[PDB]
Ligand SMILES: [Ca+2]
Ligand SMILES: [Ca+2]
């Protein structure tokens, strides 16, 4: 279809950068073979990670082979780090961070706050306003400092468009406080809004206005997360359209929690390809994460998974693997170096000299 051909053109346009450098065998100047193999993608192809990574080595091996970015499914939410008032625990999250660090997988932080009441610790919901804020104060300072420099990103206040637990008690100025004070504690962290029904539904204009209001209020929102929880069908054209609207704020966009549900793995694969190809082709998008992969541990069950219960791929996992292969630069050339190559890091051989080629510049 037309949407795929335009997507592929923008992929070549925005995801690659022509290569050429060094090449001297002690001052030689015109032949030899040159091997150009990509070893890391700059673009994020990540996944939610859950408790299975602590006891399921098959799950752990599968993760490392398929995802270059992670986010924790539950183990950094407030109720999980403070299940009872004043009883603070980060052990599970720290263990998952060590696993990710030893495999050099960057981790998104999810999430310091969540505006939806039903997602907050139950002990918080009977407290008077000023005690709620005191608990908020300690959460932000205790978790913000504990995770300082561990997360590349924070979902600072999840789903502000679809809750009102904190806004009702303190007004939208509490949101400026959330972003401002996280920025001060952890300047290196890229601070996100993250919300649903924006590309899977038509709330993108509301979201755009919502990002605007947060920034005019002074909140240092640096990036836009769109969750990408779809139902049964992914229309690539409308997704591209809704992304177009959000791109006008000049902020990087990440698809943070992709999944769709369909009994027929074939359509599941088509949905996945539709979102990933369109997302990978949008110049404002910088990464995609899948909210789980394995039928044994997916929050929407086996009809959303790319790998079956017994760890055999289904068609959606196969399609995911082929998309990764399609989007990997592996070239042998004789030629004095010329090829387009996806952003990332490269081993160039004459496996000898590892070299980076990022996206800061657009000219070779
Ligand atoms: Ca946990
Ligand atoms: Ca969405």
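Points to keep in mind about this one:
- Residue within region 79-95 that is closer than 23 Å to residue 343 by Cα and either touching a helix residue (DSSP H, G or I) at 6+ places or on another chain (Cβ under 6 Å) or more than 16 Å from ligand 2 (Cβ to nearest atom) (or both) present: no
- When region 68-94 is filtered for residues that are more than 10 Å from ligand 1 (Cβ to nearest atom) and either surrounded by fewer than 22 Cβ atoms within 10 Å (Cβ to Cβ) or over 15 Å from the mean Cα position of the chain (by Cα) (or both), the ones remaining, listed by number, are 68, 78, 82, 84, 85, 86, 87, 88, 94.
- Set side by side, the residues 53, 23, 64 differ, and just one is more than 17 Å from residue 276 (Cβ to Cβ), assigned to a helix (DSSP H, G or I) and over 16 Å from the mean Cα position of the chain (by Cα), which is 53.
- Within region 26-50, restricting attention to residues that are in contact with a helix residue (DSSP H, G or I) (Cβ under 9 Å, 6 or more places away or on another chain) and part of a loop (DSSP other than H, G, I, E, B), the residue that is farthest from ligand 1 (Cβ to nearest atom) is 43.
- Answer from 191, 214 - the residue that is more than 16 Å from ligand 2 (Cβ to nearest atom) and in a helix (DSSP H, G or I): 214
- Looking across region 312-348, the residues that are out of contact with any helix residue (DSSP H, G or I) (no Cβ under 6 Å at 6 or more places or on another chain), in a loop (DSSP other than H, G, I, E, B) and closer than 30 Å to residue 260 by Cβ come down to 312, 327, 328, 329, 343.
- Any hit, region 32-44, residues being under 30 Å from residue 338 (Cβ atoms), loosely packed, with under 13 Cβ neighbours inside 10 Å and out of contact with any strand residue (DSSP E or B) (no Cβ under 7 Å at 6 or more places or on another chain): yes
- Selection status of residue 195, under 19 Å from the mean Cα position of the chain (by Cα), under 18 Å from residue 258 (Cα atoms) and away from ligand 1 (no atom under 16 Å from the Cβ): yes
Read-outs: derived from the displayed coordinates by stated rules, not from any lab. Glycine also receives a Cβ, built like all others from the backbone with ideal geometry; neighbour counts cover every protein chain displayed.
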